[PDB]
Structures are given as structure tokens and as C-alpha cells.
């Protein structure tokens, strides 16, 4: 009973495989009784649908009680585009987009409304920075703005188009990273700047959507995870966290899944505009404890 989401509907944007935070969030929402629909980047939609229907993901879909999560629909969604007239001709003609239609944010919200009705829960678990491996001193304007469009404005647009079909008391969460607030070398390409914008937008939308729709908006600042996007260096980031955080333990995608479930549930009915660290306590440290400036183990 403490977290009962039966009768509620969730839309989770940014799920293309079982290895990232988006999958873990969707799995927790389903285990708590929510109907869960997914938005998936259209070029990888076929591969994802194929891996679901083949039974290759059946282990990753397994719930504590032994049943398998089922999705209320898997919708193609490209969060770089708000409406059909924004999609350039090269994209519409791109073979990777052949045989999918209606994948702009506005069109997805219309389909969800038609197929499922009003929703209660909105998840933004997507990011893309084409110049992420470049330091900010070597990042182009185009790379920097692509990071911001894909990773920060996509959350604003999701709220603009889903907000109108969200029930009062409903909730939205996005994922961020400590680089928004403090310098993490290697998180380049204007991704740090985009995550800072995204946390600022979390607060501003908490105000705007709180007033207009009675909807809560929060962020989780997560620690490092070997997702498919991250492994495409991530190994060093995870070792650093393991060796320097208050809690000496592995960070699992389920750890963020569980924290998202809270922020998206009635337990969190007074919580809005927060950045909740889910990173084994690392955000609290003012000094590495394994620095070569200090004595060893």
C-alpha cells in the first residue's frame, strides 16, 4: 500500500534497451501497478521492438513476483522535434526513419491521449551531446546548442505537450548529473551547461506547471552508470565514485529506479522543484579520499 500506482498511467521518454536508467524507472513504475508506455528514438525502435518480441529481454523484464512487465505501447519519439513542420527533409527521407511516422513530441502526446487517455506520470530519461568528448574550450556552437536542444529543451517541450493531458497531482522527473553544479573533467560538449539549464528548468517548470496544472516537477542527479550510451572512461568514473563516496557500494540502475518511483508517487505530494542526489553520497564530499596528494590505503 505505501506506493500503490494501480489505476495510474506513465509515459517514459528515452528507453531503447534494458541497460539504462529509463528502463529501471519503467520497471519500478510497473512493479508498483502503473500502466507504462515508452517513447523510443525512432532509428533504434525496430531493434528494441525486436528484442522485446523475441524474448531476449525476458530476464530484464522479470518482476519480484515473477511476472514480466508489459508496456501499454512503445511509441517512436524524437525529442529534437516538437511538431511535424520542424522535421527537415533529410530526416523524413533518412532510411533509419523509414516506416515510422508521428514521432514529434506534439504528435506523440496526441497519440497517447487518444490511445490511453490522461496520464499521471511523465519521465524524461534522454540526453544527447554530439561533442561530449570535447572540452568546452573546443566545443562548437552547433555542438553546444545540439546538447541543449536534445537534453534540456526536450524536457520543456515534453511538459508543454504532456502537461495539458496530465491529471492534477501528477508528476514529472528528469535526470541530471553533478557536472551541472561542479566541474567534472571529461563531461564536455556543453553537456554540463545543458544539465545546469535542465535543473534550472526543473525549478521554473515546478512553478509554472505547479500553478497551471497542479503538477510536480523534479530532478534526480544520478551517479555514473555503465549504460549503452555511457559505454559508447565510464569505468574510471565508476571507480572514482566507488573509492570516494560515503557509501562504498556499486550504483545500480534500480537505485535510481527506486528514487524516481518515490518522486513520481503520492508519497512525494509535497515535493517539487528538487534536485535529489542518488549517487551514494558523492555530492556531499569536498575532497577525494584517494588523492595522490594524500597518503595511500
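Numbering follows the first chain given and starts at 1.
*Asks:* When the other entries of this protein are compared, is residue 94 unmodelled in at least a third of them?
*Replies:* It is not, since residue 94 is included in all of the other entries that model both flanking stretches.
*Asks:* Quick one: across the other PDB entries of this protein we compared, is residue 227 left without coordinates in at least a third of them?
*Replies:* Yes, a third or more of the compared structures omit it.
*Asks:* With respect to the deposited sequence, how many residues separating residue 232 from residue 233 are not represented by coordinates: none, 1 to 3, 4 to 9, or 10 or more?
*Replies:* Missing in between: 4 to 9 residues.
*Asks:* Looking only at CA atoms, which has the higher mean B factor in the entry: 255-263 or 34-42?
*Replies:* Between 255-263 and 34-42, it is 34-42.
*Asks:* Quick check: 266-274 versus 54-62, which has the larger average CA B-factor in the record?
*Replies:* Here the higher of the two C-alpha B-factor means belongs to 54-62.
*Asks:* By the CA temperature factor listed in this entry, which of these ranks top: 247, 26, 238, 47?
*Replies:* Max CA B-factor in the entry, restricted to 247, 26, 238, 47: 47.
*Asks:* Give the position of residue 213 by CA B-factor within its chain, expressed as the lowest, middle or highest third.
*Replies:* For residue 213, the deposited C-alpha B-factor lands in the middle third.
*Asks:* Among the modelled residues of this chain, does the Cα B factor of residue 81 put it in the lowest, middle or highest third?
*Replies:* Answer is middle: the recorded C-alpha B-factor places it there.
*Asks:* Quick check on the deposited entry: does the C-alpha B-factor of residue 16 sit in the lowest, middle or highest third of its chain?
*Replies:* Its C-alpha B-factor belongs to the highest third of this chain's values.
*Asks:* Should residue 201 be placed in the lowest, middle or highest third of its chain by the C-alpha B factor in the entry?
*Replies:* CA B-factor rank for residue 201: lowest third.
*Asks:* Sorting the chain's modelled residues by C-alpha B-factor, tell me whether residue 154 ends up in the lowest, middle or highest third.
*Replies:* Bottom third by C-alpha B-factor.
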